[PDB]
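Below sits a lone chain in structure tokens, taken as the form deposited in one PDB entry.
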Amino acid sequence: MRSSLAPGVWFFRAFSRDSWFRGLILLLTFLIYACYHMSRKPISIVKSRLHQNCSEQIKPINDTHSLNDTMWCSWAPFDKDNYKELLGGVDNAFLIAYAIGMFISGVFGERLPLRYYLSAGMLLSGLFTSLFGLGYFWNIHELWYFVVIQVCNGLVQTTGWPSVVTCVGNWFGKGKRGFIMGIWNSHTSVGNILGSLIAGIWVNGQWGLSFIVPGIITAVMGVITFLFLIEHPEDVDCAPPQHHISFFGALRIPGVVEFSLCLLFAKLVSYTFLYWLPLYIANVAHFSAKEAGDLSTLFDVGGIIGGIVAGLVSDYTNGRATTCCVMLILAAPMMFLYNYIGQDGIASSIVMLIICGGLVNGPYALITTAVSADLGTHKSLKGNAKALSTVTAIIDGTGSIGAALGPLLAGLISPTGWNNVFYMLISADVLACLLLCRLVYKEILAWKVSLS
């Protein structure tokens, strides 16, 4: 009768029954959509391996050249002078089929059960990623094989996000916001920050195992999701969350017509860093393809902090739009200085990657809730759920056209120098920071009430 309860189980018994079921559904859907971004990454890390320089390459013992070849280093379709323009098509042959997939998944998406539709997405997303890596063993040398695998990997892998938002919205109720779901939104950057560390291993050597291993980890987390997913909280009998064509008319609203071209510009800037940075940092600093991949991750370790800090500060100050304009208008001088003096001493680049990763990938997770907060208050009121569904089908529609216009435009300027790429990416942030004609003009208008 002398020994009391231990501190561990006395801590663990404080939490209610509901607060464990709304607590493991964050740990499930964290590791689901992190494993999606781990799958999408290694096409962007192996680009400095499919074409390379035979001058620094040692001569082979096995005679596979004809003494004037210099094409036995390169993989075979990516061999000529256009190794940057024939690869910028393979980069968005995934993204165009992804942008069509997000639009079709707004029709045939709710008509299937969620656990049978998310787990058959993570299995056919781990199949088609690895058929891209089995091209190394079957030594297929054709451009028309590596594209159809991408156009079918883009159309399958769109089952990830519109299932995760419903699985969390059934437990928490359409737009929670706090410190916990500020941590949960780093699930799309943890995926990139360990999709480069895992895939990087096999690069120098047999690169076919850079696509097979993240094509099997996604296939196993497609089984774990099939065994342990709970859609609606009435299943385990927990508590429900506590509650709170017309297209031509939709262009007449003073809303969408200036935010559709603000999600187009924002994602340009983020996705060209997602894809073409492990080739830039290998081409300028003259590293290998393991030192190019592992150095990039310091962009994402700033992308985490830029999502935490801008989420807290926009909760201390009411209105989540005036803290996006500051970071967008401040990102441009930092990436100009990073192109200016950021590739000689590593103490400069380890600072500059983290700063231009905080300032670019920060507001990316914030401007969507910022604009959806404004479009809730209109003459077309909150009761018209179909009207808000259609006018938020448009914004996230052109948001994914800004995806496909990123690396396609980056893979045609890049043979004319890298500096012209950063002029475009600096001009795009200032063209994207023109949301202030509406949201900032309303938010500073409502701060004079602090005088009263």
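We number the residues from 1 along the sequence you see. What we label the rigid core is the largest C-alpha set whose atoms superpose within 1.5 Å from one form to the other.
The stretch of deposited sequence separating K80 from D81 contains no residues lacking coordinates in this entry.
If you look for the form deposited in another entry, you will not find it shown, but the lines that follow are about it.
A 2 Å or larger CA shift between this form and the one not shown, after fitting on the rigid core, occurs at just one of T272, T218, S210, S163, namely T272. Core-aligned CA deviation for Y316 between this form and the one not shown: 2 Å or greater. Relative to the superposed core, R22 shifts its CA atom by less than 2 Å between this form and the one not shown. In this overlay on the rigid core, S414 has a C-alpha that sits 2 Å or more away from its partner position between this form and the one not shown. Note: the CA-CA distance for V46 and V269 expands in the other form relative to this form, by 3 angstroms or more. With a change of no less than 3 Å, the CA-CA distance between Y275 and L50 is larger in the other form than in the form shown.
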